[PDB]
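Only heavy atoms go into these numbers, but all of them, side chains included; no hydrogens, no water, no symmetry mates. Numbered from 1 within each chain, the chains take letters A, B, ... in sequence-line order.
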Amino acid sequence: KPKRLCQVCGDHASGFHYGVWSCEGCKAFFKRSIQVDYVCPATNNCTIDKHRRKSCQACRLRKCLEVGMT
Amino acid sequence: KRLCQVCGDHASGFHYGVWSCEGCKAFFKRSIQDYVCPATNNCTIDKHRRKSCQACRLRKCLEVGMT
DNA sequence: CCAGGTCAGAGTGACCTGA
DNA sequence: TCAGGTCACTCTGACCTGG
Ligand code: NA
Ligand SMILES: [Zn+2]
Ligand SMILES: [Zn+2]
Ligand SMILES: [Zn+2]
Ligand SMILES: [Zn+2]
């Protein structure tokens with residue numbers, strides 16, 4: 001377990017996955033996306049923060065891409 | 001026949017004091033047995049988008065009078 | 001060490017069941 | 001009629017294994 005944080009949601013990172021530090025959740029979520037159509041119910045600017053229980057599927061995927069997952 | 005006052009899907013009956021669909025019925029059922037909005041507490045709740053933000057779906061349930 | 005797979009855990013909603 | 005239960009379906013993510 002690395003002393004690093006997930007660049008997507010701020011949870012503890014499990015490792016360096018798809019080119020970014022990420023948790024198992026965000027790793028699998030991105031994994032499943034490369035194999036989807038999400039719609040943000042708000043304005044495409046949702047906070048992704050695991051500790052505060054904030055997430056949005058569309059904005060989660062956009063943030064995965066934003067921070068550099070490939 | 002009436003529409004669900006929470007999401008606009010077809011209503012199945014009068015549940016918890018509100019005309020509503022089986023989805024919103026069950027969702028409120030589970031809530032009364034905690035949700036945070038990642039946006040601005042104004043997320044769209046409709047038959048397409050209702051599953052997306054739990055916090056706003058519950059607030060919409062309360063707004064239209066589910067008890 | 002990580003990519004990709006696995007499947008128990010959890011939310012959904014159409015349908016069930018008793019008051 | 002409705003309140004509350006059911007459970008197949010599906011997404012989630014903790015853990016595994018091979019590389
Ligand atoms: Na997914
Ligand atoms: Zn994460
Ligand atoms: Zn969003
Ligand atoms: Zn509804
Ligand atoms: Zn919301």
Side-chain angles (χ1 to χ4, degrees):
Chain A
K1 181 173 177 288
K3 287 178 290 295
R4 301 299 296 265
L5 297 173
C6 181
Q7 281 176 319
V8 179
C9 70
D11 194 6
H12 301 289
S14 64
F16 188 78
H17 305 295
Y18 297 121
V20 306
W21 294 99
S22 65
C23 64
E24 288 298 321
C26 292
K27 181 182 83 174
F29 180 81
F30 180 78
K31 177 187 74 181
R32 290 191 296 272
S33 68
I34 64 174
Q35 295 176 336
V36 66
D37 284 343
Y38 297 133
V39 174
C40 179
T43 59
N44 293 290
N45 194 31
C46 298
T47 298
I48 309 302
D49 180 354
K50 188 64 177 292
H51 187 277
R52 294 188 182 177
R53 300 192 303 277
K54 294 176 179 178
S55 192
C56 167
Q57 286 177 329
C59 293
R60 186 184 190 178
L61 179 59
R62 282 183 171 83
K63 189 173 181 182
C64 288
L65 294 173
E66 275 168 343
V67 299
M69 296 186 80
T70 55
Chain B
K1 192 172 181 293
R2 293 174 180 267
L3 296 182
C4 177
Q5 298 299 307
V6 178
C7 72
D9 192 3
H10 301 290
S12 63
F14 190 76
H15 308 292
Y16 304 104
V18 172
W19 287 99
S20 57
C21 64
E22 288 299 314
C24 295
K25 178 180 89 173
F27 178 80
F28 188 78
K29 177 186 75 184
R30 291 190 297 271
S31 70
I32 62 174
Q33 75 182 21
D34 184 66
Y35 304 140
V36 182
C37 180
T40 58
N41 302 287
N42 192 29
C43 296
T44 303
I45 303 300
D46 63 19
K47 60 184 178 182
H48 305 289
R49 296 173 178 84
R50 64 191 183 201
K51 291 188 294 186
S52 295
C53 184
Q54 291 173 325
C56 287
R57 190 182 187 174
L58 178 58
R59 296 173 187 168
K60 185 68 177 294
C61 287
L62 296 175
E63 180 181 2
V64 298
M66 289 187 176
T67 184

*Asks:* If we only count heavy atoms from C-beta on, is the A:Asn44 to A:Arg62 side-chain gap below 4.5 Å?
*Replies:* yes
*Asks:* Tell me, do A:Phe29 and A:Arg60 make a side-chain contact under 4.5 Å, heavy atoms counted?
*Replies:* yes
*Asks:* Pull out every residue in residues 35-46 of chain B that has a heavy atom closer than 4.0 Å to any atom of DNA chain D, ordered by number, or say none.
*Replies:* none
*Asks:* Starting at atom CD of B:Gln33, determine the distance to atom P of C:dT12, rounded to an integer number of angstrom.
*Replies:* 11 Å
*Asks:* Could you state the NZ-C1' distance from A:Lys1 to C:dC1, rounded to the nearest angstrom?
*Replies:* 16 Å
*Asks:* Please list, one pair per line, the donor and acceptor atoms closer than 3.5 Å that link side chains of residues 60-67 of chain B to other protein atoms, with sequence neighbours excluded.
*Replies:*
residue: B:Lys60; atom: NZ; partner: B:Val6; partner atom: O; Å: 2.9

*Asks:* Distance check, rounded to the nearest 0.5 Å: B:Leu3 atom CG versus B:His10 atom NE2?
*Replies:*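 Reported value, rounded in 0.5 Å steps: 7.0 Å.
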*Asks:* Classify the nucleic acid contact of B:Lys47 as base, sugar-phosphate or nothing, counting any heavy atom under 4.0 Å across all strands shown.
*Replies:*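 Nothing, no nucleic acid heavy atom in range.
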*Asks:* Are there any protein N/O atoms within less than 3.5 Å of an N/O atom in nucleotides 2-4 of chain D, and if so, which ones and at what distance?
*Replies:*
residue: D:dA3; atom: OP2; partner: B:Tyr16; partner atom: N; Å: 2.9
residue: D:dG4; atom: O6; partner: B:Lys25; partner atom: NZ; Å: 2.9

*Asks:* Taking NZ in A:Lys3 as the centre, count heavy atoms belonging to other residues, nucleotides or ligands within less than 6.0 Å. Is the count above 12?
*Replies:* no
*Asks:* Suppose the criterion is side-chain hydrogen bond (donor to acceptor under 3.5 Å, both in side chains): which pairs have a residue in residues 25-35 of chain B, not counting sequence neighbours?
*Replies:* B:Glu22-B:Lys25
*Asks:* Among residues two or more places apart or on two chains, list those pairs meeting salt bridge (charged side-chain N to carboxylate O under 4.0 Å, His left out) that have a residue in residues 33-44 of chain A.
*Replies:*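 Every candidate salt bridge (charged side-chain N to carboxylate O under 4.0 Å, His left out) pair involving residues 33-44 of chain A fails, so no pair, neighbours aside, qualifies.
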*Asks:* Please examine the side chains of A:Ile48 and A:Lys54, heavy atoms only from C-beta on, and report whether any two atoms are closer than 4.5 Å.
*Replies:* no
*Asks:* According to a hydrophobic-cluster definition based on side-chain heavy atoms being under 4.5 Å apart (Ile, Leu, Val, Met, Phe, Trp, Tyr only), do A:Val36 and A:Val39 belong together?
*Replies:* no
*Asks:* At less than 4.0 Å, is any side-chain N or O atom of A:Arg32 found next to OP1 or OP2 of D:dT12? Yes or no.
*Replies:* yes
*Asks:* Would you say A:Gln57 and B:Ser52 make side-chain contact, with heavy atoms under 4.5 Å?
*Replies:* no
*Asks:* Report yes if some heavy atom in the side chain of B:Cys21 is under 4.5 Å from a heavy atom in the side chain of B:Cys7; otherwise report no.
*Replies:*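 Yes, at least one pair of side-chain atoms sits under 4.5 Å.
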*Asks:* If I take atom CD in residue A:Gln35 and atom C1' in nucleotide C:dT6, what distance separates them, rounded to the nearest angstrom?
*Replies:*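 It works out to 13 Å between those atoms.
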*Asks:* Where along residues 51-68 of chain A does a heavy atom fall under 4.0 Å from DNA chain D?
*Replies:*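 Within this stretch, A:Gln57, A:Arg60 sit under 4.0 Å of the strand.
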*Asks:* By nearest nucleotide on DNA chain C, pick out whichever of A:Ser14 and B:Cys21 is the more 5' one.
*Replies:* A:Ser14
*Asks:* If I take atom CG in residue A:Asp11 and atom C1' in nucleotide D:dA14, what distance separates them, rounded to the nearest angstrom?
*Replies:*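 Nearest whole value for this atom pair: 12 Å.
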